[PDB]
Structure formats: C-alpha cells, structure tokens
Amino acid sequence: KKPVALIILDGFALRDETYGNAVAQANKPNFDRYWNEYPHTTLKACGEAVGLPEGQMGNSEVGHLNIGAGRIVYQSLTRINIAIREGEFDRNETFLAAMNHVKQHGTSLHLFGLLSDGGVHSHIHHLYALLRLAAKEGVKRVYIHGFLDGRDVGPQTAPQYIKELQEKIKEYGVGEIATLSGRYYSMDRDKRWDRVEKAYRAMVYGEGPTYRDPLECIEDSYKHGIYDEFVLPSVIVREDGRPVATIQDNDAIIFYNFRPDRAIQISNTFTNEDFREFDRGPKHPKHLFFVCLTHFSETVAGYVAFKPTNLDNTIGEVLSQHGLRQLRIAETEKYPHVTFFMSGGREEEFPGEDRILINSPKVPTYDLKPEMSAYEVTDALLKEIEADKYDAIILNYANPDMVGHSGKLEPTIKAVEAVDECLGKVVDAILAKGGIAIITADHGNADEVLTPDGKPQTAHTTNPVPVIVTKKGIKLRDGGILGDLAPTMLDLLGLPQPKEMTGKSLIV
C-alpha cells in the first residue's frame, strides 16, 4: 500500500522579510531538503483565489474548504457582503421573522457576535446592517452582546470597535451594549464548557464584572493584563446598577457569526432542549427565536438566515466513491478542519473514512507548550502507516497557527521546529512505504508574529503557502490556488477528477 498523503502545516506560509517570521527563523532541516530535493511551488491562499473578497486573508475554514473541494469555494463573508451591497440583506426572511417575533410578542432582540472586522468569523459591518435593519423594522429593544476579538485583529483593538459601534448606535437610533466578553469564553471550540458557562451566565443572568461604561470595562481589563481575546465575560449596567439586559424567555437572538466551529457550542447552550454540558440554572431562558447567520449544525435548534449549498464530489467523496480507505488525523484544535471543513462542510464520515483525534495539551495558551501534541499525532499516524491500511491520508499540524496566534516569536519558532521534526518522520515513513506526500498549508500566520515595531501580531497573513510533491521526475505549475490541491491528489492517486472540481492539477 503506497499511500498518498496531504500534510497541512497550519499557518505555515512563505514570506520574504525575516523580521518576526518564525517560519523563516526556525531550523527546518526536513522541510528544507524536501523543498530542495522535490518538486515544489506556492499557492494563493487568500482573497478571490479562495472565495473571499480581494484582500481578505485566509483561514482554516476557508482553507480546508478549498483544499478539500478542488474548486474555488464561495465563502460566507463574500456572500453576505454582496447581500448587503445588493439590498438583499434587508429582505432576508429569517431576519424579518425574528424581528416580527420580538415586535409581535413584545420581547427583546439580542445580537451575538465577534466585535471586529477580522472577517474570519464575522464582520462588524454585518452587525451595523442588522442594527440599521432593526431600526428600519421598528424594533424597540435591541441589545448587543459583543465578543471581543484580538485574534483576527490587534491584541488590544476593542476600544475602537466599541467606539465605532457606539457611534453607529447613536446614528441608527437603536441598540445598547449589554455585555462584552473575550471570544475565549464566548467562542470556545474545545468543549471547555467552563469557559462557555462564564459567557452564558453573564448574558442570561448578568453575572460577571459589572461596569456602567463599555470602555471603562475594557480599560480595567487591560489594567489587569487581560486583553481583548481573554476579557472576562463582563456586564454593562444601568444607572440603577441593573444589567442593561439579559436574555429572557421568548427573546430573539441573531448570532451574526458566519463561521461554525466556534459558534456551535454557545449556540447549543441556548437552543438545546436537553442540555447536559453544565447546569443552565432552573430559570434559564426558553422559547428563544434563535437565528444563525449561516448553518452551524443540525443540533442548534434555530433558523439559518443564509442557507447552505452542498459541496459535491470533494476529495473525501471521490476517494470514498472509488473504494479507497482514507484517514483524517489531527489534534483537537484542528480536528474540525481536517474532518468537517475538509469534507466540504459535511459532518458525517464518508464510507471508508477513518478519523483520529489527539487531545491538544491542557494549557491556556499554546506558547506554554509549543510542541502541543504534535508528537502524539506523529506516533499515532506512524503506527497507522506501519499497518498499511490507508490509501489516502490527511494530516494537519496545528502548531504553527495555534502558537503563532500568540504573537510570540520564540514559542512560534519552537512550534515550527517541533513540527519539522515530526514532518520528517511522517514523510520519511510515507516514502519508505513507496507513497508520495503533498506537503502544504491552508494559510499564513507563523510567518508574521511580530509587527514592524515588534509588537505582537496575533492574526493570519496573506502570504502564499508552500507546496511540495515528494515525487521526483515531475514539475508543478506556478499560478496555483488551494483549489488545485485536490486535483493534484487525485492525479497522484490516478483517480478521475469530477467536473465539479474545477481546479487543475498542479502537475505538468
């Protein structure tokens, strides 16, 4: 069994400047030899090249969606942007139905979402559109519960978004910031239900640090070294000390996040009839008209404003269709991208698809353990390779992206070095097995963890990703995009490529 393996170095891109570039500064003997000894090229992993507005950096969802699809996958951010531009956003029946509910049953409208213009999980401009729409629809009571970013934008940038929002609220004549919480608590994706609960109880019970001014809340957090991303779920209160607003029975909630992985958990806490992860308290809110901007999961008992469209014949499906055995492997942090997103937004496994989940280290931030679980993932898979069970393999090494998000150079360099070591073991095992490896990445991050002034850079970059096909004797085209990865794999697998896959094999 000569396996063909697609190895994704999450957040590993190619950038010339070496300043703050942990990818370049790291000692990657393994990666370097393969780059030198095997055919390679770079791919566009951002902007229109992956279904995003021009300029928009890529990410795991977008990245894994496009890699697994073998075509340019139209993204949510773009789609909604167009809706707002074409005046279709204001005609959305789900939004209107939610607005009618609060008006008809005299309740309140609550707006959930990442407060920033990162564009990865949301865009603050989408929130303003809802605020403008709520004002147009005559919705009296509108409350904003913002989740502070600092991961897709500057580490301490919330003040400007809060400011801009406050200005929009005044202009539009509706809205009131009710709570502010770091996305660390309100947008967890590791089933750390303790974090989630914290966000929940601030929102529905008004429990947590209380302030009368959104900005003083932020000022105070920064004062304690707690920045945007990690801001404790706080509650804004009125002159009478009472919370500005708490989610109650029959209230409506519009969660303006369009990325699912970090939205499902809190969405379940709110809509799940029977919920066990933790005790929501006996007086917890019921009968909430819950609206998801896009589809999060079948579990979320709520409506979807922008309904999804099937992604047919993604590599997972073509491999399965041809009786091949495939394995998806990754540690917690990237398990959803190597499975859900890779499979074209599909939850259920394909027949013949196996999955291995390795638990990420039990650390708050991964700068505290740069090697994360890279070693456990390598050992588990090395075993799978010795067994000779799989035809295709999809491995994702989260380290570069996860610790690069810390905005720290040394830890990110350590991370990159840890993965290189692992990468050599994996590819060397593949080759020894007579198989071929496609070493690549979904987008950049670790190529820039410091700003020009030397400050922490906690977000992705727009740099191209590397592409190595460990198959001597071949050449790779150059104007490639992620959507060209799947066709190349099928090419290597010698399987026919579906018409759906509009991408082109990188092999000449």
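The first residue of the shown sequence is 1; numbering continues from there.
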* Higher average CA B factor in the deposited record is what I'm after, so tell me if that's 271-279 or 116-124. => 271-279
* Asked: Looking at the entry, does 308-316 or 129-137 show the higher mean C-alpha B-factor?
  -> 308-316
* **Relative C-alpha B-factor of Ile439, binned into the chain's lowest, middle or highest third** => lowest
* Asked: Once the chain's modelled residues are ordered by C-alpha B factor and cut into thirds, is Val469 in the lowest, middle or highest one?
  -> middle
* Which third, lowest, middle or highest, does the CA B-factor of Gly404 fall in along this chain? -> lowest
* Structure fact -> In terms of its chain's C-alpha B-factors, the third that includes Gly70 is the middle
* **Chain third (lowest, middle, highest) by recorded CA B-factor, residue given as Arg183** => lowest
